[PDB]
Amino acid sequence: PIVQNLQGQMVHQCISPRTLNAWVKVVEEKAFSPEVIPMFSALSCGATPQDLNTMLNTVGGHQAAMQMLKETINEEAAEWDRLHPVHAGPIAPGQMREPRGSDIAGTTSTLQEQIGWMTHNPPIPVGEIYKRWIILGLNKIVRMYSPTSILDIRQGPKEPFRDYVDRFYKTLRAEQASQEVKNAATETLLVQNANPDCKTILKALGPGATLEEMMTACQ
């Protein structure tokens, strides 16, 4: 990554064994459960595009996902190039060239060029731009591997309400409902999919009940 030293200048630092191991292990253990994404984001704090490729490349399984990811990155790169075409021909000697899509994705740029962009005044944030494309791709993957429609999360006759809600919001998260839909469903689908005894209790609370109030009600 690029970090501030103890004296406040922005410099490159090797990606650490702990970072490298953390990411590989979270993928091994969690696959593409939605919480992997914010872990990815945090593990790649200050990453260069080189570092982001490193992390992605160190993944051994899930090659279908990695290939889908590549496709997403290629799509974003191509859009970047549509918006920000670069001058063909020789670079001004000693000067910084403009990044293309593939430069941002780290496949046609050097670490040195990446460092130059990221520490320019002002910075051309190639790491942050690439991380956004990657996360966009990872979110498609999370949705793809979400095994269950919210429509099939229904409370079991002896299933504690709490356990049901946990299933319900876990599914909505993977299915990638917006936060509006998540805040909203408390008044609707959550109640509909509840079991008969809880549904009656909830129906009776009236509208505007918090999730806390619903969960207390059916405890």
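Whichever C-alpha set is largest while still superposing within 1.5 Å between the two forms counts as the rigid core. Note that residue numbering begins at 1 and tracks the sequence as displayed.
Here 9-17 and 198-206 are scored by the root mean square distance of their C-alpha atoms in 6 other deposited structures of this protein, with each structure fitted by the rigid core; the higher score goes to 9-17. In the other compared entries of this protein that model both flanking residues, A177 lacks coordinates in at least a third of them. Coordinates for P90 are absent from at least a third of the other compared entries of this protein that model residues on both sides of it.
The stretch with the higher mean CA B factor, choosing between 129-137 and 71-79, is 71-79. Between 17-25 and 197-205, the higher mean Cα B-factor belongs to 197-205.
In this entry, the residue among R173, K30, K158, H62 with the greatest C-alpha B factor is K158. Among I115, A105, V142, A88, the highest C-alpha B-factor in the deposited entry belongs to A88. In the PDB entry, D51 places in the lowest third of its chain by CA B-factor.
Residue-level temperature factors show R154 in the middle third of its chain, judged at the C-alpha atom.
Split the chain's modelled residues into thirds by C-alpha temperature factor. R167 is in the lowest one.
When all modelled residues of the chain are sorted by CA temperature factor, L190 is found within the middle third.
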